[PDB]
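Notes to accompany the following structure.
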Number of protein chains: 2
Amino acid sequence: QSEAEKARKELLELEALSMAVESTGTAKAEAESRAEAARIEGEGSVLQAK
Amino acid sequence: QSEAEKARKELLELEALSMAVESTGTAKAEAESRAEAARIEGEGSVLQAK
């Protein structure tokens with residue numbers, strides 16, 4: 001079980017990077033889509049006010 | 001499982017870009033259509049007021 005845990009430490013190291021990528025991708029996508037839609041609505045509202 | 005996670009990290013990297021594209025496309029389309037319709041209504045209302 002000591003050697004099994006020595007390898008399992010490395011697996012748990014790699015799953016950390018996988019979970020980091022899988023969380024930051026969802027966060028970045030859902031943020032940037034709403035930022036782009038807000039930019040479109042603002043640039044529209046300038047012309048609508050004119 | 002360590003090597004399987006080393007490849008799964010790369011798959012999770014690519015799915016991030018796919019999810020980013022799939023979210024920003026829907027956001028950009030639904031924003032720009034309403035911006036164009038608002039432009040049409042504004043340019044109409046100028047002439048209607050004249």
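Throughout, read-outs are computed from the coordinates displayed, never taken from laboratory work. Please note: Cβ atoms are built from the backbone with ideal geometry, for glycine as well, and neighbour counts cover all protein chains shown.
Mind listing the label-point distances from A:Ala49 to the same position on all other copies, shortest first, one decimal in nm, points 7 Å along Cα→Cβ?
1.5
Once phi is turned into θ = phi - 60°, what whole-Hz ³J(HN,Hα) does the Karplus curve with 6.51, -1.76 and 1.60 give for every residue of the stretch A:24-39, x standing for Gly and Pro?
5, x, 4, 4, 5, 5, 5, 6, 6, 5, 5, 5, 5, 4, 5, 4
Can you give the average number of partner chain beta-carbon atoms within 10 Å of each beta-carbon in peptide A:9-22, as a whole number?
4
Give me log10 I(q)/I(0) at q = 0.17, 0.24, 0.29 Å⁻¹ for chain B, Debye formula, one equal scatterer per alpha-carbon, no solvent.
The Cα Debye sum returns log10 ratios of -0.67, -0.84, -0.96.
Once you've got the Cα coordinates, tell me which of A:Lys6/A:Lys28; A:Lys28/A:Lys50; B:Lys28/B:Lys50; A:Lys50/B:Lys50 are over 27 Å apart.
A:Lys6/A:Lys28; A:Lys28/A:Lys50; B:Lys28/B:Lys50
First check a/c for the protein assembly as shown, with a ≥ b ≥ c the square roots of the eigenvalues of its C-alpha gyration tensor; if it is under 1.5, answer rounded, and if not, answer prolate when a/b is larger than b/c or oblate otherwise.
It is prolate, given that a/c is not under 1.5 and a/b is the larger ratio.
To make sure I understand, if each residue's beta carbon is the centre and we count other beta carbons within 10 Å, what order do B:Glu22, B:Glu15 fall in, fewest to most?
On the way: B:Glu22 11, B:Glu15 14.
Taking fewest neighbouring Cβ atoms as first place, the list is B:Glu22, B:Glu15.
Quote the charge dipole size of the protein assembly as shown about the Cα centre in Debye, to the nearest 20; the model charges only the Cβ of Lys and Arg (+1) and of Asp and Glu (-1).
440
What is the order of B:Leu47, A:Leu12, fewest Cβ neighbours within 10 Å to most?
The most exposed by this proxy come first: B:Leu47, A:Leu12.
Using the charge dipole of the protein assembly as shown (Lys, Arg: +1 at Cβ; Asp, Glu: -1 at Cβ; taken about the Cα centre), state which of A:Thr26, A:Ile40, B:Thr26 has its Cα farthest towards the positive end.
The residue sitting farthest along the positive end of the dipole is A:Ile40.
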